[PDB]
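Novice: Structure, please.
(one chain, ligands or ions: 1)
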Amino acid sequence: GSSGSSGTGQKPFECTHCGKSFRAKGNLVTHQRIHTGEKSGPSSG
Ligand SMILES: [Zn+2]
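Specialist: Residues are numbered from 1 along each chain as shown. Structure as follows:
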(Lines give C-alpha, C1' and ligand atoms only; values in the text may rest on other atoms or scores of the structure.)
Protein backbone atom coordinates (compact mmCIF):
# COMPACT_ATOMS: atom_id res chain seq x y z
CA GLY A 1 0.00 0.00 0.00
CA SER A 2 2.57 2.56 -1.12
CA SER A 3 1.58 6.23 -1.26
CA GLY A 4 1.47 6.04 -5.05
CA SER A 5 3.92 8.66 -6.28
CA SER A 6 4.57 8.41 -10.02
CA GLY A 7 5.31 10.61 -13.02
CA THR A 8 8.53 12.44 -12.23
CA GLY A 9 9.23 13.56 -15.78
CA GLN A 10 12.04 11.79 -17.61
CA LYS A 11 14.87 9.64 -16.26
CA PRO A 12 18.18 8.76 -17.99
CA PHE A 13 17.18 5.10 -17.69
CA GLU A 14 13.62 3.81 -18.06
CA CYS A 15 12.28 0.27 -18.47
CA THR A 16 10.12 0.83 -21.55
CA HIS A 17 9.04 -2.77 -20.96
CA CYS A 18 6.94 -1.80 -17.95
CA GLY A 19 7.97 1.77 -17.16
CA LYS A 20 10.38 1.35 -14.26
CA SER A 21 12.68 4.38 -14.10
CA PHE A 22 16.14 4.50 -12.52
CA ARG A 23 19.03 6.86 -11.77
CA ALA A 24 21.87 4.82 -13.25
CA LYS A 25 22.03 2.35 -16.14
CA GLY A 26 23.11 -0.58 -13.99
CA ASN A 27 20.26 -0.18 -11.51
CA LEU A 28 17.82 -0.42 -14.42
CA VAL A 29 19.73 -3.17 -16.23
CA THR A 30 19.39 -5.35 -13.13
CA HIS A 31 15.65 -4.66 -13.08
CA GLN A 32 15.11 -5.59 -16.73
CA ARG A 33 16.53 -9.00 -15.81
CA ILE A 34 13.12 -9.57 -14.22
CA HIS A 35 11.41 -9.37 -17.62
CA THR A 36 13.84 -11.53 -19.61
CA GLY A 37 12.62 -15.09 -20.05
CA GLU A 38 15.82 -16.95 -19.21
CA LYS A 39 16.41 -17.62 -15.52
CA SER A 40 19.74 -18.04 -13.72
CA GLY A 41 18.80 -17.50 -10.09
CA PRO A 42 21.31 -16.80 -7.29
CA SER A 43 23.28 -19.36 -5.29
CA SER A 44 22.44 -18.71 -1.64
CA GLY A 45 21.07 -16.07 0.71
ZN1 LIG B 1 10.51 -3.31 -16.20
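Novice: Now the residue nearest the centre of the chain: closest residue in space, sequence neighbours ignored.
Specialist: Among the residues of the chain, the one closest to the centroid is residue 31, at 3.3 Å (CA atoms, centre = their mean). Once flanking residues are discounted, residue 31 sits nearest to residue 20: 5.3 Å by CB to CB, 6 or more residues apart in numbering. C-beta here means a position set from N, CA and C on the backbone, and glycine is covered the same way.
Novice: how much space between the one you found and residue 45?
Specialist: According to CB to CB, to the nearest Å, residue 20 stands 24 Å off from residue 45.
Novice: Quick one: name the residues of the protein near the ion.
Specialist: Counting by CB under 5 Å from the ion, the positions of the chain adjacent to the ion are 15, 17-18, 20.
Novice: What is the most widely separated pair among the residues you listed?
Specialist: In terms of CB to CB, those reach their longest pairwise distance at 17 and 20, which sit 7.7 Å apart.
Novice: Alright, calling it a day.
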